[PDB]
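Report on the following structure.
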Amino acid sequence: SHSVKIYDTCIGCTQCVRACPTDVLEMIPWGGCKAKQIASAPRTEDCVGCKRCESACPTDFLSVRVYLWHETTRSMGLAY
Amino acid sequence: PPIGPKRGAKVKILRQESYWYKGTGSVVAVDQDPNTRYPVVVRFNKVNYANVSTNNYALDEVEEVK
Amino acid sequence: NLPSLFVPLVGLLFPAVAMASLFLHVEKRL
Amino acid sequence: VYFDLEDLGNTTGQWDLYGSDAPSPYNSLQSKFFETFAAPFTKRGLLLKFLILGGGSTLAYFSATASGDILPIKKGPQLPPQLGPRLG
Amino acid sequence: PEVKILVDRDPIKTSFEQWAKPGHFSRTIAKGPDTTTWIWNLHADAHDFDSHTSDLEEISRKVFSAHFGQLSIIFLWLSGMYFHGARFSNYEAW
Amino acid sequence: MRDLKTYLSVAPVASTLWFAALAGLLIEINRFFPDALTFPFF
Amino acid sequence: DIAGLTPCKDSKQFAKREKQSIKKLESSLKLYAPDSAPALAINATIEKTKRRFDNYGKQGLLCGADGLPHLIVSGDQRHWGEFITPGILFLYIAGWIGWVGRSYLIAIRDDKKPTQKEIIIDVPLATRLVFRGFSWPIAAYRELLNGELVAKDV
Amino acid sequence: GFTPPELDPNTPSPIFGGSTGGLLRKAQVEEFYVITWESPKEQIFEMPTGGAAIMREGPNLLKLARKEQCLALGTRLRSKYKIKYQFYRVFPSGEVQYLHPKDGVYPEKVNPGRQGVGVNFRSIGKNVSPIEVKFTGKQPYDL
Ligand code: CLA
Ligand code: CLA
Ligand code: CLA
Ligand code: CLA
Ligand code: CLA
Ligand SMILES: CC1=C(/C=C/C(C)=C/C=C/C(C)=C\C=C\C=C(C)\C=C\C=C(C)\C=C\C2=C(C)CCCC2(C)C)C(C)(C)CCC1
Ligand code: SF4
Ligand code: SF4
């Protein structure tokens, strides 16, 4: 499965989770920014690797990263 | 005491992966709350590749320049 | 005479055997 | 019902749509004929070897014994060899 | 259900004010360029009317007048062909 | 009026005016001084 | 002469080219009444041809075996009109254009919306600045010495 | 504390004539997915695969081929209509795995019972160079 990571530059705007089309990401509590929340990728086995989350991140540089990795039926988006 | 540079001061971005690396920007507000890992808010003259013109940086990633 | 033996040998028999064998190795499951 | 966690083959459409399931329309004696005669070819590994070596040697045979009346390549050139642009 | 002539008077004011505001039709493009990509979008979206507004009546009015513009250009082009036929042609000798 | 001068200052229009002037100039120069592989006046 | 070439004034092939060109245009000329306008046009092309070859012969161009001018760009002082002199003219004009454009960009860079004047030209400012290019070599040399030409630590 | 609602079969499915966009052999031998939702009425909705179907008043059950189809349809149900949805993964053994909303809370809303996964506590530019993890199985972002 593709690897997905979050970096502590995250400001907790929730846009990566809102963008994700397979529900890979969540918002968890954290004390490092004002929004008091940081993203997380607990379901990367469903990650298809489209990088909509990365398109959604406002941090410079990104705080989500999708490292495309070992392919599976789920990561290739196959309905067959 | 106030932490970080004065608001309105010009700072040089030291974050190597920043679009504005080795450039300058203006300080907006420095979040005085500790445990905030990147408290300095900088606005820039030019948008980056994500059409964003502001970003937060750590205290050791900004260098006040006059 | 010899080309009439070895041209079909390496142009027909050898590719058929190699393709079938590689097919088996590639489809195997351990 | 079309959704049942007990039977997913029905739930996921795992059916034999055109499978007859009827008994043999082939009468016997015909069946025993082909069962005894095609039996040596029902071992898949053995059949593979018989086909590769049998067909390979067959090919080698019709290739080695081909006649110029069939292949121009065995017949060879029948004309006086021409002359190159400047050379032979 | 009684077919009839229907128009509205003076919907859009004839002015050069929006001639001077590039991308006036788009709320994003009208803000002007931060990057060169702006310049391309201004031209790719210029005739995409149903992206400028969601009101079918405005879109239909733009379409109609645009067709007039096209026909004007076609008549100017035919004027060119006949004029060149009269002034710069060998059509009588032919 | 002010808006029209503004429109005439916009990139494509200023470009057509500028290059049209440049083209007329270069055409007339090649009309009075045609051919010319060299700067003959030394 | 240089590079084994011969002056075009001394080249048989060059004169053969002028001859064949002129006779070609005259072959076209035989088709039209001499008072007609096509005739006058072909005569004008003929006079322009003679002017062309006569000028190339005069100004000292060397010819190849092809009967065509070849340019000597080595710097040999007999042929500065073929490159070095038009080259200095070019560098003057190009330096003018670039220096003026740079002057404009510096002039609008501290405006409230700089891009606004990049897509809609401030023609008064441009007219003010165009003639700075006349003295661009002195201006750019003085800037190079003063340290205003190059941005610091870039 | 949250208890996932169990998948109730015999839940009705939307009114639909069938399409070539539905399940294949993958659902029989590998896995498929099921999305359930509560509707206030009978509505027309666009199917993520075929054309148009009629959402039934009350509980709706819909078997889809991929998780992304469930999440797409659910996104639309929550957007165009105002409908709560859940969906599950279903294996050919009959086993069911509740998937979404995992907490009973949508994942874009921070919920305190959630544990960090794949979170690296550093700027992205502080990842090491590949040479420093060479011949080790690790990747510089796995740290
Ligand atoms: C490796 C270079 C090489 C190349 C490119 C060729 C190319 C060719 N050979 Mg030749 N051949 C070679 C080496 C080579 N040969 C050697 C070393 C020998 C032994 C002295 C032969 C003896 C030979 C005979 C008797 C004949 C050909 C023939 C031919 C032509 C038809 C192909 C064929 O019949 O299969 C080639 C047949 C072989 C026996 C080649 C195998 C010889 C060695 C052991 C190669 C190693 C093969 C190995 C198992 C796989 C390695 C893959 C590859 C790198 C070689 C063809 C143009 C036929 C011909 O002339 O048709 C008009 C023909 O009758 N070859
Ligand atoms: C040829 C077909 C065609 C037609 C009929 C239209 C029609 C229209 N366009 Mg479009 N356009 C076209 C081609 C066309 N355009 C092309 C090829 C491009 C480049 C991709 C554009 C890009 C474009 C943009 C960016 C915009 C439009 C807009 C418009 C609308 C403005 C109407 C208006 O105010 O009229 C104009 C009134 C006139 C009297 C026209 C005369 C203008 C002349 C040409 C002045 C220029 C003279 C200049 C000085 C050259 C002389 C120098 C000399 C040396 C030759 C209109 C419906 C605008 C709009 O609002 O969108 C809805 C708008 O913003 N168009
Ligand atoms: C491929 C190597 C090479 C190079 C680099 C040169 C270079 C040169 N050759 Mg040579 N040549 C070569 C090969 C070469 N040659 C070979 C192989 C042969 C044998 C065929 C020749 C034979 C040959 C001959 C016979 C002669 C030359 C001459 C020259 C010089 C002519 C230009 C000049 O006079 O100064 C430059 C002229 C100027 C007017 C300078 C003004 C231009 C200004 C500086 C530029 C303008 C920029 C702008 C306005 C200001 C900048 C501002 C800034 C501060 C920002 C020149 C330095 C001639 C010579 O020696 O000249 C005296 C000459 O006699 N060449
Ligand atoms: C009467 C027929 C007609 C009409 C009214 C439309 C109308 C429209 N089309 Mg369509 N279309 C047509 C025919 C038509 N099209 C044809 C024949 C094709 C096949 C190519 C297409 C393929 C097509 C595509 C793929 C798209 C559209 C799009 C659009 C919309 C945006 C137009 C725009 O602003 O672009 C602005 C116009 C330009 C930027 C001009 C571009 C300059 C061209 C590419 C070069 C022309 C070369 C020139 C003739 C020769 C060289 C001259 C040069 C050297 C000076 C618009 C509503 C776009 C859309 O988004 O839809 C909403 C879109 O993506 N159309
Ligand atoms: C017999 C009546 C009549 C005639 C002849 C036309 C003719 C035309 N119509 Mg129209 N139209 C009519 C009635 C008519 N219409 C009605 C009843 C409706 C529904 C209410 C429409 C609505 C309609 C739309 C929405 C559009 C057209 C368009 C067109 C043009 C299509 C392109 C073409 O073929 O160019 C060929 C060119 C010619 C034949 C040159 C002659 C054109 C003359 C000058 C016009 C004659 C008819 C005109 C309506 C008379 C009214 C003038 C008066 C009110 C001052 C064309 C000229 C398109 C358009 O507007 O293009 C600009 C278009 O978008 N028509
Ligand atoms: C002489 C001669 C020759 C030679 C030459 C050479 C060899 C040269 C060299 C040259 C060089 C080696 C040069 C250099 C350069 C460097 C640098 C470093 C640069 C710079 C520039 C700049 C800086 C610019 C600026 C500007 C201006 C001034 C104007 C416009 C704007 C701008 C900004 C662009 C030949 C034989 C060919 C020919 C004959 C003559
Ligand atoms: S790459 Fe796509 S599927 Fe994977 S986490 Fe990002 S948005 Fe979700
Ligand atoms: S887009 Fe970036 S800043 Fe926003 S929640 Fe996702 S990781 Fe955090």
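Every number for a ligand or one of its atoms is a count from 1 in the order of the listing. The analysis underlying the following values was restricted to heavy atoms, covering all of them including side chains, and did not include hydrogens, waters or symmetry mates. All chains are named by letter (A, B, ...) in the order of the sequence lines, taking the proteins before the strands, and each is independently numbered beginning at 1.
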Query raised in the report: How are the rings of H:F87 and H:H100 set relative to one another: parallel (under 30°), tilted (30 to 60°) or perpendicular (over 60°)?
Result: parallel
- [ ] Kindly assign one of parallel, tilted or perpendicular to the pair F:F41 and F:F33, based on the angle between their ring planes and the thresholds 30° and 60°.
- [x] perpendicular
One finds that the ligand 7 atoms under 4.0 Å from a non-hydrogen atom of A:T22 are 3 (S)
Listing protein N, O or S under 2.8 Å around atom 6 (Fe) of ligand 7 gives A:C53 SG
For H:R122 and H:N127, which I'm curious about, is there any donor-acceptor pair between the side chains at under 3.5 Å?
yes
Legend entry - A:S1 and A:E45: side chain donor to acceptor below 3.5 Å: no
- Task: Please confirm whether H:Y88 and H:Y98 have ring centers closer than 6.0 angstrom.
- Result: yes
Within the supplied structure, the quantity of interest is the number of heavy atoms (other residues, nucleotides, ligands) at a distance under 6.0 Å from F:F42 CZ; does it exceed 12? yes
(message) Under 2.5 Å between the SG atoms: is that true for G:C8 and G:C63?
(response) yes
Sorted by chain and residue number, the residues having a heavy atom closer than 4.0 Å to an atom of ligand 3 are G:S74, G:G75, G:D76, G:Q77, G:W80, G:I84, G:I88, G:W136, G:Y141
Cationic N near anionic O, under 4.0 Å, [X] to [Y]:
X: G:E143; Y: G:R102; result: yes
X: H:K102; Y: A:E26; result: no
X: E:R61; Y: E:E57; result: yes

